[PDB]
$ cat upload-v9.pdb   # PDB, C-alpha atoms and all ligand atoms
MODEL        1
ATOM      1  CA  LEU A   7      -1.370  -8.419 -13.764  1.00  0.00           C
ATOM      2  CA  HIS A   8      -4.971  -7.207 -13.644  1.00  0.00           C
ATOM      3  CA  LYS A   9      -7.015  -4.833 -11.487  1.00  0.00           C
ATOM      4  CA  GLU A  10     -10.129  -6.281  -9.836  1.00  0.00           C
ATOM      5  CA  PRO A  11     -13.049  -4.410  -8.212  1.00  0.00           C
ATOM      6  CA  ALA A  12     -13.342  -4.167  -4.419  1.00  0.00           C
ATOM      7  CA  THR A  13     -15.340  -2.176  -1.873  1.00  0.00           C
ATOM      8  CA  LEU A  14     -13.952  -0.108   0.992  1.00  0.00           C
ATOM      9  CA  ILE A  15     -15.214  -1.483   4.314  1.00  0.00           C
ATOM     10  CA  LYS A  16     -13.005   0.319   6.822  1.00  0.00           C
ATOM     11  CA  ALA A  17      -9.605   1.976   7.188  1.00  0.00           C
ATOM     12  CA  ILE A  18      -7.068   0.228   9.446  1.00  0.00           C
ATOM     13  CA  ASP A  19      -3.822   2.174   9.030  1.00  0.00           C
ATOM     14  CA  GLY A  20      -1.218   3.497   6.602  1.00  0.00           C
ATOM     15  CA  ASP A  21      -0.542   0.206   4.791  1.00  0.00           C
ATOM     16  CA  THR A  22      -3.546  -1.920   5.705  1.00  0.00           C
ATOM     17  CA  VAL A  23      -7.202  -1.609   4.685  1.00  0.00           C
ATOM     18  CA  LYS A  24     -10.325  -3.727   5.182  1.00  0.00           C
ATOM     19  CA  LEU A  25     -11.965  -4.421   1.814  1.00  0.00           C
ATOM     20  CA  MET A  26     -14.883  -6.479   0.504  1.00  0.00           C
ATOM     21  CA  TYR A  27     -13.350  -8.663  -2.184  1.00  0.00           C
ATOM     22  CA  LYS A  28     -15.530 -11.081  -4.171  1.00  0.00           C
ATOM     23  CA  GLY A  29     -18.285 -10.856  -1.565  1.00  0.00           C
ATOM     24  CA  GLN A  30     -15.923 -11.634   1.326  1.00  0.00           C
ATOM     25  CA  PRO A  31     -14.520  -9.082   3.796  1.00  0.00           C
ATOM     26  CA  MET A  32     -10.747  -9.197   4.166  1.00  0.00           C
ATOM     27  CA  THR A  33      -7.739  -7.231   5.316  1.00  0.00           C
ATOM     28  CA  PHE A  34      -5.307  -6.169   2.603  1.00  0.00           C
ATOM     29  CA  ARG A  35      -1.667  -5.399   3.362  1.00  0.00           C
ATOM     30  CA  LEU A  36      -0.222  -3.068   0.710  1.00  0.00           C
ATOM     31  CA  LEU A  37       2.606  -4.655  -1.277  1.00  0.00           C
ATOM     32  CA  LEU A  38       6.162  -3.299  -1.177  1.00  0.00           C
ATOM     33  CA  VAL A  39       5.572  -0.517   1.345  1.00  0.00           C
ATOM     34  CA  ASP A  40       6.208   0.102   5.015  1.00  0.00           C
ATOM     35  CA  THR A  41       4.421   2.958   6.752  1.00  0.00           C
ATOM     36  CA  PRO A  42       5.288   3.992  10.344  1.00  0.00           C
ATOM     37  CA  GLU A  43       3.453   2.057  13.090  1.00  0.00           C
ATOM     38  CA  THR A  44       0.634   3.888  14.889  1.00  0.00           C
ATOM     39  CA  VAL A  51       3.628   5.422  17.865  1.00  0.00           C
ATOM     40  CA  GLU A  52       6.301   6.223  15.260  1.00  0.00           C
ATOM     41  CA  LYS A  53       7.079   9.539  13.546  1.00  0.00           C
ATOM     42  CA  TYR A  54       4.569  10.166  10.719  1.00  0.00           C
ATOM     43  CA  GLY A  55       2.509   7.108  11.671  1.00  0.00           C
ATOM     44  CA  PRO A  56      -0.765   9.056  12.182  1.00  0.00           C
ATOM     45  CA  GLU A  57       0.013  11.060   9.035  1.00  0.00           C
ATOM     46  CA  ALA A  58       0.419   7.896   6.932  1.00  0.00           C
ATOM     47  CA  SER A  59      -2.796   6.449   8.375  1.00  0.00           C
ATOM     48  CA  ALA A  60      -4.770   9.617   7.635  1.00  0.00           C
ATOM     49  CA  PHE A  61      -3.374   9.714   4.091  1.00  0.00           C
ATOM     50  CA  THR A  62      -4.463   6.173   3.206  1.00  0.00           C
ATOM     51  CA  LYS A  63      -7.810   6.576   4.981  1.00  0.00           C
ATOM     52  CA  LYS A  64      -8.595   9.757   3.039  1.00  0.00           C
ATOM     53  CA  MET A  65      -7.339   8.496  -0.318  1.00  0.00           C
ATOM     54  CA  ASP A  66      -9.411   5.322   0.037  1.00  0.00           C
ATOM     55  CA  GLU A  67     -12.623   6.936   1.356  1.00  0.00           C
ATOM     56  CA  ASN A  68     -12.679   9.695  -1.293  1.00  0.00           C
ATOM     57  CA  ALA A  69     -12.305   7.127  -4.070  1.00  0.00           C
ATOM     58  CA  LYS A  70     -15.236   6.521  -6.388  1.00  0.00           C
ATOM     59  CA  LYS A  71     -13.704   3.152  -7.299  1.00  0.00           C
ATOM     60  CA  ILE A  72     -11.321   0.902  -5.365  1.00  0.00           C
ATOM     61  CA  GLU A  73      -9.329  -1.789  -7.188  1.00  0.00           C
ATOM     62  CA  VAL A  74      -7.056  -4.566  -5.944  1.00  0.00           C
ATOM     63  CA  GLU A  75      -4.183  -5.892  -8.011  1.00  0.00           C
ATOM     64  CA  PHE A  76      -2.455  -9.101  -6.930  1.00  0.00           C
ATOM     65  CA  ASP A  77       1.146  -9.651  -8.040  1.00  0.00           C
ATOM     66  CA  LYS A  78       2.666 -12.765  -9.651  1.00  0.00           C
ATOM     67  CA  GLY A  79       3.452 -14.528  -6.356  1.00  0.00           C
ATOM     68  CA  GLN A  80       1.691 -15.399  -3.095  1.00  0.00           C
ATOM     69  CA  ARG A  81      -1.626 -13.591  -2.631  1.00  0.00           C
ATOM     70  CA  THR A  82      -1.883 -13.748   1.159  1.00  0.00           C
ATOM     71  CA  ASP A  83       0.643 -13.409   3.972  1.00  0.00           C
ATOM     72  CA  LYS A  84       0.977 -15.559   7.120  1.00  0.00           C
ATOM     73  CA  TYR A  85      -1.653 -13.427   8.916  1.00  0.00           C
ATOM     74  CA  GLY A  86      -4.214 -14.118   6.193  1.00  0.00           C
ATOM     75  CA  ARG A  87      -3.998 -10.597   4.761  1.00  0.00           C
ATOM     76  CA  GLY A  88      -4.302 -10.089   1.013  1.00  0.00           C
ATOM     77  CA  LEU A  89      -1.079  -8.881  -0.625  1.00  0.00           C
ATOM     78  CA  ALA A  90      -1.814  -6.410  -3.388  1.00  0.00           C
ATOM     79  CA  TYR A  91      -1.440  -3.022  -4.984  1.00  0.00           C
ATOM     80  CA  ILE A  92      -4.485  -0.935  -4.118  1.00  0.00           C
ATOM     81  CA  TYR A  93      -5.842   1.620  -6.584  1.00  0.00           C
ATOM     82  CA  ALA A  94      -8.163   4.526  -5.746  1.00  0.00           C
ATOM     83  CA  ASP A  95      -9.733   5.978  -8.899  1.00  0.00           C
ATOM     84  CA  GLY A  96      -6.849   4.622 -10.951  1.00  0.00           C
ATOM     85  CA  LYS A  97      -4.174   5.927  -8.587  1.00  0.00           C
ATOM     86  CA  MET A  98      -2.008   3.373  -6.759  1.00  0.00           C
ATOM     87  CA  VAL A  99      -2.145   3.961  -3.001  1.00  0.00           C
ATOM     88  CA  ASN A 100       1.151   2.104  -2.491  1.00  0.00           C
ATOM     89  CA  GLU A 101       2.899   4.498  -4.898  1.00  0.00           C
ATOM     90  CA  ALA A 102       1.291   7.691  -3.561  1.00  0.00           C
ATOM     91  CA  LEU A 103       2.316   6.906   0.031  1.00  0.00           C
ATOM     92  CA  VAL A 104       5.948   6.421  -0.947  1.00  0.00           C
ATOM     93  CA  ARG A 105       5.876   9.503  -3.210  1.00  0.00           C
ATOM     94  CA  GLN A 106       4.563  11.556  -0.264  1.00  0.00           C
ATOM     95  CA  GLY A 107       7.425  10.361   1.911  1.00  0.00           C
ATOM     96  CA  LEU A 108       4.906   8.656   4.183  1.00  0.00           C
ATOM     97  CA  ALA A 109       6.246   5.146   3.483  1.00  0.00           C
ATOM     98  CA  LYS A 110       9.510   3.461   2.557  1.00  0.00           C
ATOM     99  CA  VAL A 111       9.931   0.694  -0.004  1.00  0.00           C
ATOM    100  CA  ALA A 112      10.170  -2.589   1.919  1.00  0.00           C
ATOM    101  CA  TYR A 113       9.314  -6.299   2.173  1.00  0.00           C
ATOM    102  CA  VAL A 114      10.181  -7.726  -1.266  1.00  0.00           C
ATOM    103  CA  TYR A 115       8.682 -11.203  -0.776  1.00  0.00           C
ATOM    104  CA  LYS A 116       7.332 -14.302  -2.545  1.00  0.00           C
ATOM    105  CA  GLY A 117       8.020 -13.119  -6.099  1.00  0.00           C
ATOM    106  CA  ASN A 118       5.811 -10.043  -5.687  1.00  0.00           C
ATOM    107  CA  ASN A 119       8.037  -7.292  -7.064  1.00  0.00           C
ATOM    108  CA  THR A 120       6.430  -6.084 -10.300  1.00  0.00           C
ATOM    109  CA  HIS A 121       6.131  -2.437  -9.212  1.00  0.00           C
ATOM    110  CA  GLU A 122       9.334  -2.343  -7.144  1.00  0.00           C
ATOM    111  CA  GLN A 123      11.132   0.009  -9.552  1.00  0.00           C
ATOM    112  CA  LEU A 124       8.136   2.322  -9.885  1.00  0.00           C
ATOM    113  CA  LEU A 125       8.040   2.551  -6.085  1.00  0.00           C
ATOM    114  CA  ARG A 126      11.827   2.977  -5.839  1.00  0.00           C
ATOM    115  CA  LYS A 127      11.575   5.987  -8.156  1.00  0.00           C
ATOM    116  CA  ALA A 128       8.821   7.557  -6.031  1.00  0.00           C
ATOM    117  CA  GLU A 129      10.949   7.055  -2.912  1.00  0.00           C
ATOM    118  CA  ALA A 130      14.002   8.705  -4.502  1.00  0.00           C
ATOM    119  CA  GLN A 131      11.900  11.725  -5.465  1.00  0.00           C
ATOM    120  CA  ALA A 132      10.361  12.037  -1.985  1.00  0.00           C
ATOM    121  CA  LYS A 133      13.850  11.755  -0.486  1.00  0.00           C
ATOM    122  CA  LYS A 134      15.174  14.372  -2.901  1.00  0.00           C
ATOM    123  CA  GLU A 135      12.340  16.662  -1.822  1.00  0.00           C
ATOM    124  CA  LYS A 136      13.014  15.872   1.853  1.00  0.00           C
ATOM    125  CA  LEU A 137       9.339  15.008   2.296  1.00  0.00           C
ATOM    126  CA  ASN A 138       8.056  13.969   5.723  1.00  0.00           C
ATOM    127  CA  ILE A 139      10.018  10.832   6.705  1.00  0.00           C
ATOM    128  CA  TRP A 140      12.973  12.188   4.709  1.00  0.00           C
ATOM    129  CA  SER A 141      12.798  15.706   6.191  1.00  0.00           C
TER     130      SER A 141
HETATM  131  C1  LIG B   1       4.318  -6.398   2.905  1.00  0.00           C
HETATM  132  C2  LIG B   1       4.494  -7.839   3.428  1.00  0.00           C
HETATM  133  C3  LIG B   1       4.530  -8.096   4.760  1.00  0.00           C
HETATM  134  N1  LIG B   1       4.690  -9.394   5.241  1.00  0.00           N
HETATM  135  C4  LIG B   1       4.727  -9.691   6.686  1.00  0.00           C
HETATM  136  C5  LIG B   1       6.167  -9.462   7.162  1.00  0.00           C
HETATM  137  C6  LIG B   1       5.929  -9.053   8.591  1.00  0.00           C
HETATM  138  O1  LIG B   1       5.876 -10.201   9.455  1.00  0.00           O
HETATM  139  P1  LIG B   1       6.325 -10.169  11.011  1.00  0.00           P
HETATM  140  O2  LIG B   1       5.087 -10.021  11.801  1.00  0.00           O
HETATM  141  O3  LIG B   1       7.277 -11.284  11.033  1.00  0.00           O
HETATM  142  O4  LIG B   1       7.171  -8.828  11.264  1.00  0.00           O
HETATM  143  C7  LIG B   1       4.590  -8.366   8.592  1.00  0.00           C
HETATM  144  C8  LIG B   1       4.749  -6.864   8.545  1.00  0.00           C
HETATM  145  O5  LIG B   1       3.451  -6.328   8.514  1.00  0.00           O
HETATM  146  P2  LIG B   1       3.117  -4.905   9.103  1.00  0.00           P
HETATM  147  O6  LIG B   1       4.133  -3.954   8.591  1.00  0.00           O
HETATM  148  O7  LIG B   1       1.672  -4.662   8.889  1.00  0.00           O
HETATM  149  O8  LIG B   1       3.378  -5.112  10.663  1.00  0.00           O
HETATM  150  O9  LIG B   1       3.893  -8.802   7.426  1.00  0.00           O
HETATM  151  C9  LIG B   1       4.815 -10.469   4.369  1.00  0.00           C
HETATM  152  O10 LIG B   1       4.957 -11.628   4.729  1.00  0.00           O
HETATM  153  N2  LIG B   1       4.778 -10.187   3.035  1.00  0.00           N
HETATM  154  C10 LIG B   1       4.625  -8.937   2.482  1.00  0.00           C
HETATM  155  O11 LIG B   1       4.611  -8.847   1.264  1.00  0.00           O
ENDMDL
END
$ encode --input "upload-v9.pdb" --output "structure tokens" --more "lines below"
Ligand SMILES: Cc1cn([C@H]2C[C@H](OP(=O)(O)O)[C@@H](COP(=O)(O)O)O2)c(=O)[nH]c1=O
Amino acid sequence: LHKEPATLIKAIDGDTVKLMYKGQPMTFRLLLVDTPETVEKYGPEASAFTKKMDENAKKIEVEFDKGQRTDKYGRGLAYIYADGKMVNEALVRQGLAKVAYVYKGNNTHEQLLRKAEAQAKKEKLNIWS
């Protein structure tokens, strides 16, 4: 697995972001996470979190997993990093997303995310409150 450079184009919601990747604009769906739909409880919160984390980043990186790189809707499936920090992981650690959708052999960071979820649950953060 390797991180690749990308440019923030526009926020979409908690687990989806529009990024310029290799000179082409595309929507990226964050791997292994499920944020509330924007409405569901904490949906706006999750959206604001991702939007802020991504926009404040000096450097945005995309990291594809070992399996399929795009879903049926043409969205890139990856782990997004903002200044070295994984957005997927931070959302789950903040209790603003649950671990979900383990598909197409893309589960490299599943355990790391499961640990963040357990901690957020233990702390009764947001979704787990
Ligand atoms: C995270 C992820 C979602 N998806 C699909 C499953 C869902 O399809 P359906 O439309 O059948 O529900 C959809 C959920 O995306 P959102 O959570 O953005 O709605 O994206 C994948 O196929 N692979 C993945 O790795």
$ resolve_selection --input "upload-v9.pdb" --expression "the PyMOL selection byres (((chain A and resi 102) around 12) and not hetatm)" --output "PyMOL selection string"
chain A and resi 20-21+36+39+41+58+61-62+65-66+91-94+96-101+103-111+124-129+131-132
$ residues_near_ligand --input "upload-v9.pdb" --ligand "ligand LIG 1 (chain B)" --cutoff "10 Å" --atoms "all atoms listed in the file" --output "VMD selection string"
chain A and resid 19 to 22 34 to 43 77 79 to 90 111 to 119
$ closest_residue --input "upload-v9.pdb" --among "A:8, A:56, A:70, A:76" --to "residue 138 in chain A" --atoms "only C-alpha atoms"
A:56
$ atom_distance --input "upload-v9.pdb" --atom1 "CA of residue 120 in chain A" --atom2 "CA of residue 74 in chain A"
14.3 Å
$ atom_distance --input "upload-v9.pdb" --atom1 "CA of residue 78 in chain A" --atom2 "CA of residue 16 in chain A"
26.2 Å
$ atom_distance --input "upload-v9.pdb" --atom1 "CA of residue 95 in chain A" --atom2 "CA of residue 29 in chain A"
20.3 Å
$ resolve_selection --input "upload-v9.pdb" --expression "the PyMOL selection byres (((chain A and resi 12) around 6) and not hetatm)" --output "ChimeraX atom specification"
/A:11,13,26-27,72-73
